[PDB]
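*Asks:* Before we start, here is the structure in question, set down as structure tokens.
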Amino acid sequence: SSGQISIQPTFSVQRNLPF
Amino acid sequence: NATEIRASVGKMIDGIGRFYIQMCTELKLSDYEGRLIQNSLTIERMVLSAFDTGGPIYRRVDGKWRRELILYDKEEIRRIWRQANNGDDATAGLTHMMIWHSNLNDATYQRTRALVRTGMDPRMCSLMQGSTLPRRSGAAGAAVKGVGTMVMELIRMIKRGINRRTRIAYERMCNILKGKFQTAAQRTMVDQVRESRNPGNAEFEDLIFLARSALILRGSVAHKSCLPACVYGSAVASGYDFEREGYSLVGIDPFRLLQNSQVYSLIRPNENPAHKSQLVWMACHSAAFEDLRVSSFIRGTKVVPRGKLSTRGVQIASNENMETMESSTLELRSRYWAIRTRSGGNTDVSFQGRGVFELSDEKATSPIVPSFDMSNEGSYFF
């Protein structure tokens, strides 16, 4: 792996947050 | 209350501007040479060093770029700085460039070596926001930190100790920590950790847990749009008088400013300009751990993942040579803008109803909801 696994949100929008 | 908050931060922005201009006037740089993100960086660091020196300064001669290695009176720098801020310290100001550097580093580099050596999973990238950010950073400097960032600290503070006044730190460092969480248990479990004076592997193992809980039940972490000194210097020089006209780091102000910025950058022979601009753009908003989908949406153009990114770093190392070196104009404009948030979402759709704003929509009047049914290109910058 060694990669990302979740997304840190930077903006305020309607977005399914990935993990 | 748009008086203090909007105008006081304008005053801190004026300082950076004014200073950058003064400092450019010393180095006797040109307009093109003051817009070189490279030189700007060097200057910014010269200052943060002096308030806590020399650096690499690139010059433009017929055709090719000449790198000068120069040194300045550490105090002279401190003198010129206050001159610009009315003889004030404006810690905010230094802290601001303290972040611009942070946000650039959290996007240029992946800090795995450190996570593992701490005993954190390398896949906990999205939680290390501001791991580079010196502890000297201010109170509104730590609010930008990811949950994972805090853990790497306590764990080292604890790891060497468990392996006087140091206590008030630990409790607070946790209170902050806890103030990241936005759910009952999350909040409560942090306390169960803060209970032990000599917190051993008991804690060591538990916070790591909570670290992973944030991967799903994220916390509140503020994002600050901090642009390079040159951008503010140039703006100040162009007449913009921010303390009077107001400025933000989480509103439309920063995007709008970057809609007219003329920033240039040194670029290695085989590197892709478009790819270079991308990088800087993501450092201008702390979008190094954002969902690539949304970043590209707001950006206006593809926001390619780190691996597929053609570039090694914006600063030029002493190793390289200037003969085979040239410079491009950085594309920092964006399509829309969005309220840089602090919230991690909770219930999977988050920020229900929140949308993106056109660059004309000065006020937060009309929002726009993005629909991602689309041939995207990933979600994990890393």
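The way I read the labels, and the way they are meant: chains A, B, ... in the order of the structure tokens, residue 1 as the first residue of every chain, and ligand 1 as the first ligand shown, with later ones counted on from there.
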Could you go through range 173-349 of chain B and tell me which residues DSSP, when run on the backbone, assigns to strand (DSSP E or B), listing them as a list in words?

*Replies:*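 Reading the DSSP output for range 173-349 of chain B, strand (DSSP E or B) covers residues 264, 265, 266, 267, 291, 326, 327, 328, 329, 337, 340 and 349 of chain B.
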
*Asks:* List as a ChimeraX atom specification the protein and nucleic acid residues near residue 9 in chain A, meaning an atom at most 10 Å away when only C-alpha atoms are counted, but skip any in the same chain fewer than 4 places from it.

*Replies:* /A:13,15,17-18 /B:126,218-223,286-291,294,340-345,350-351

*Asks:* Using only C-alpha atoms, determine which residues lie at most 10 Å from residue 67 in chain B, disregarding the query and same-chain residues fewer than 4 positions distant; provide the list as a ChimeraX atom specification.

*Replies:* /B:39,56-60,316,318,321-322

*Asks:* Would you output that residue set with C-alpha atoms, as a tab-separated table (two decimals), in the first residue's frame?

*Replies:*
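Here's the written file again.tsv:
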chain	number	residue	atom	x	y	z
B	39	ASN	CA	13.25	34.17	-4.50
B	56	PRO	CA	19.54	31.20	-2.52
B	57	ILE	CA	18.68	34.14	-4.74
B	58	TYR	CA	18.13	33.74	-8.47
B	59	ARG	CA	18.95	36.50	-10.90
B	60	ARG	CA	18.13	37.03	-14.58
B	316	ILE	CA	16.20	24.43	-6.17
B	318	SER	CA	22.65	23.44	-4.46
B	321	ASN	CA	23.07	23.65	-12.20
B	322	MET	CA	21.69	26.74	-13.78

*Asks:* Quick one: residues within 7 Å of range 257-259 of chain B, only C-alpha atoms, excluding same-chain residues fewer than 3 positions away - as a list in words?

*Replies:* residues 253, 254, 332 and 333 of chain B

*Asks:* Find the spatial neighbours of range 202-217 of chain B, counting only C-alpha atoms, within a cut-off of 7 Å - ignore same-chain residues fewer than 6 positions away - and output them as a list in words.

*Replies:* residues 6 and 19 of chain A; 120, 147, 148, 151, 155, 193 and 346 of chain B

*Asks:* Output N, CA and C atoms of each residue in that selection to a file, as a compact mmCIF listing (two decimals), in the first residue's frame.

*Replies:*
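Below is the file out-v4.txt, written as the result:
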# COMPACT_ATOMS: atom_id res chain seq x y z
N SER A 6 -8.05 7.80 3.35
CA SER A 6 -9.16 8.69 3.60
C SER A 6 -8.82 10.04 3.00
N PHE A 19 -13.14 6.96 2.16
CA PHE A 19 -12.28 6.19 3.06
C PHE A 19 -12.38 4.75 2.63
N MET B 120 2.98 4.92 13.66
CA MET B 120 1.70 5.32 13.02
C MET B 120 1.66 4.65 11.64
N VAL B 147 -5.58 15.68 13.03
CA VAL B 147 -5.65 14.84 14.24
C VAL B 147 -4.36 14.01 14.38
N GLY B 148 -3.99 13.36 13.27
CA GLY B 148 -2.79 12.61 13.19
C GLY B 148 -1.59 13.44 13.52
N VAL B 151 -1.02 13.48 17.46
CA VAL B 151 -0.57 12.16 17.88
C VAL B 151 0.95 11.92 17.66
N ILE B 155 3.03 11.13 21.15
CA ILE B 155 3.74 9.85 21.05
C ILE B 155 5.26 10.00 21.15
N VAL B 193 -7.50 9.14 28.06
CA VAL B 193 -6.07 9.15 27.74
C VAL B 193 -5.27 10.17 28.55
N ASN B 346 -20.31 14.68 9.57
CA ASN B 346 -20.81 13.53 10.36
C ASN B 346 -22.24 13.05 9.96

*Asks:* Among range 194-269 of chain B, which ones does DSSP assign to helix (DSSP H, G or I) (computed from the backbone)? Answer as JSON, numbers by chain.

*Replies:* {"B": [194, 201, 202, 203, 204, 205, 206, 207, 208, 209, 210, 211, 212, 213, 229, 230, 231, 232, 233, 234, 235, 236, 237, 242, 243, 244, 245, 252, 253, 254, 255, 256, 257]}

*Asks:* Write out as a list in words each polymer residue whose atoms come within 9 Å of residue 225 in chain B, counting only C-alpha atoms; drop sequence neighbours fewer than 2 positions from it.

*Replies:* residues 99, 100, 103, 223, 227, 248, 249, 250, 251, 254, 255, 283, 284, 285, 286 and 340 of chain B

*Asks:* Rank nothing, just name the residue among B:183, B:266, B:74, B:247 nearest to residue 347 in chain B, using only C-alpha atoms.

*Replies:*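 Checking each candidate against residue 347 in chain B, we get B:183 as the closest.
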